[PDB]
Amino acid sequence: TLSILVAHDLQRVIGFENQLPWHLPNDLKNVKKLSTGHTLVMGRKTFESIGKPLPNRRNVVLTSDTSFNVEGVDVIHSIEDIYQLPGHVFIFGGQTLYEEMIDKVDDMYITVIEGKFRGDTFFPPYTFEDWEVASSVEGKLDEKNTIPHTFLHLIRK
Ligand SMILES: NC(=O)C1=CN([C@@H]2O[C@H](COP(=O)(O)OP(=O)(O)OC[C@H]3O[C@@H](n4cnc5c(N)ncnc54)[C@H](OP(=O)(O)O)[C@@H]3O)[C@@H](O)[C@H]2O)C=CC1
Ligand SMILES: CCc1nc(N)nc(N)c1C#CCc1cc(OC)ccc1OC
């Protein structure tokens, strides 16, 4: 399976200044559970802002950097190398990845952040007429999770 995993806001903001604009541990928990024991594919900037691979799953970084050789990370230099990755593969971002991959994925796991944030990076426009809602679960608003959010699993129609 080839999936997208993204958190985006009402205006499809995904990032600001190489960081996430909001702080939503529920969504981190959702990522962890969904991708633990599987593969995350991310662009180099996303990797460099995380700072280290996420534990208990294969971390794959896409970069044109021929000197890239990070401990605990696998590197690919071409989009086409994604299709050779075995198992359940999640396109983990950021913007360039989502743009290159939106038309190829089976499937998208989207956390809709029900707010409008200052952003400099975006999820591409998509229509609910190409995508069927397999599940829509309202996130629990919280002490520690203070923005309304909805977990979507969408499957290509
Ligand atoms: N809300 C969310 O779910 C997520 C948010 N983000 C956010 O997104 C932002 C980063 O997004 P963005 O700036 O687009 O960057 P990316 O993380 O997508 O990284 C861009 C880099 O990835 C590499 N790359 C992409 N495509 C190719 C290709 N076809 N061949 C070779 N290398 C390639 C290049 O690295 P190189 O220059 O080394 O060649 C490129 O410059 C940050 O703000 C981050 O916080 C990221 C993921 C999820
Ligand atoms: C955890 C944020 C997130 N949620 C969903 N649903 N999908 C995603 N692809 C992401 C992401 C991301 C990149 C990222 C994660 C992070 O937490 C460990 C810290 C920084 C990040 O990039 C700046």
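Below, all heavy atoms of this structure are taken into account, side chains as well, without hydrogens, waters or symmetry copies. For reference, positions follow the sequence shown, starting with 1.
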Drop me the distance from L2's CG to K104's NZ, to the nearest 0.5 angstrom.
10.5 Å
Set out, in order, the CA-CA distance, both residues' side-chain angles and the distance that settles side-chain contact (heavy atoms from CB on, under 4.5 Å) for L62 and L97, then state yes or no.
CA-CA 9 Å; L62 177 57; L97 255 298; 3.9 Å; yes
Hydrophobic cluster identity match, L20 and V13, side-chain contacts under 4.5 Å
no
Spacing of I50 atom CD1 and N18 atom CG [to the nearest 0.5 Å]
11.5 Å
Can a donor-acceptor pair be found, under 3.5 Å and without considering hydrogens, that links the side chain of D106 to the backbone of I155?
no
Linking I/L/V/M/F/W/Y whenever their side-chain heavy atoms sit closer than 4.5 Å, directly or via other members, would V89 and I110 fall into one cluster?
yes
Should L5 and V133 be regarded as members of a common hydrophobic cluster, given that ILVMFWY residues are connected when their side-chain heavy atoms come within less than 4.5 Å of each other, either directly or indirectly?
no
Just so I know, are the side chains of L85 and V41 near enough to count as touching, which here means a heavy-atom distance under 4.5 Å?
yes
Can you list the steps and then say if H88 with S3 is a side-chain contact (heavy atoms from CB on, under 4.5 Å)?
CA-CA 8 Å; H88 194 165; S3 320; 2.6 Å; yes
Okay, side chain of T121, backbone of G15: is any donor-acceptor separation there less than 3.5 Å?
yes
If you take all heavy atoms of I102 and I4, which pair is closest and at what distance?
CA-CD1, 3.8 Å
Could you tell me if the side chain of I147 sits less than 4.5 Å from the side chain of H23, heavy atoms only?
no
Rounded to the nearest 0.5 Å, how far does CG of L154 lie from OH of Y109?
10.5 Å
Step-by-step side chain to side chain donor-acceptor pair (under 3.5 Å) determination, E114 to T150:
CA-CA 8 Å; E114 274 133 48; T150 307; 2.5 Å; yes
Contacts of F122 that satisfy ring pair (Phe, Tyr, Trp, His ring centres under 6.0 Å) - sequence neighbours left out:
none
Starting from the C-alpha separation in whole Å, work towards a yes-or-no answer on side-chain contact (heavy atoms from CB on, under 4.5 Å) for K144 and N26.
CA-CA 9 Å; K144 293 177 169 77; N26 286 348; over 6 Å; no
With a 3.5 Å distance limit and no angle check, can you tell me whether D9 reaches the backbone of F117 through a side-chain donor-acceptor pair?
yes
Sorted by first residue and then second, give each salt bridge (charged side-chain N to carboxylate O under 4.0 Å, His left out) pair with at least one member in residues 31-58; sequence neighbours left out.
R58-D74
Any donor-acceptor pair under 3.5 Å linking the side chain of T46 with the backbone of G94?
yes
Is there a path of hydrophobic side-chain contacts, each under 4.5 Å between heavy atoms of I/L/V/M/F/W/Y residues, joining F92 to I14?
no
Under 3.5 Å, is there a donor-acceptor pair between the side chain of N145 and the main chain of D142?
no
Could you walk me through whether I82 and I76 pass the side-chain contact (heavy atoms from CB on, under 4.5 Å) test, one step at a time?
CA-CA 8 Å; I82 297 153; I76 57 154; 3.7 Å; yes
Decide yes or no for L152 and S135: does some side-chain heavy atom of the first lie under 4.5 Å from some side-chain heavy atom of the second?
no
Determine, step by step, whether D107 and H153 satisfy the side chain to side chain donor-acceptor pair (under 3.5 Å) criterion, reporting the C-alpha distance in whole Å, the side-chain angles of both residues, the deciding distance to 0.1 Å, and the verdict.
CA-CA 7 Å; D107 206 36; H153 178 207; 2.6 Å; yes
Spacing of CG belonging to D120 relative to CZ belonging to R118, to within rounding of 0.5 Å:
9.0 Å
Is a donor on one side and an acceptor on the other found under 3.5 Å between the side chain of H77 and the backbone of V75?
no
Are any of the side-chain heavy atoms of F16 and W22 separated by less than 4.5 Å?
no
Does CD in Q84 sit with more than 12 non-hydrogen atoms of other residues, nucleotides or ligands closer than 6.0 Å?
yes
Identify the two heavy atoms, one from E129 and one from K157, that lie closest to each other, and give their separation to 0.1 Å.
O-CE, 3.4 Å
Drop me the distance from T111's OG1 to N30's CG, to the nearest 0.5 angstrom.
4.5 Å
Ring pair (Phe, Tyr, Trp, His ring centres under 6.0 Å) with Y98: which of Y126, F123, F90?
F123
Connected via hydrophobic side-chain network under 4.5 Å: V60 and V6:
yes
Nearest-0.5 Å distance, CH2 of residue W131 to CZ of residue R156:
3.5 Å
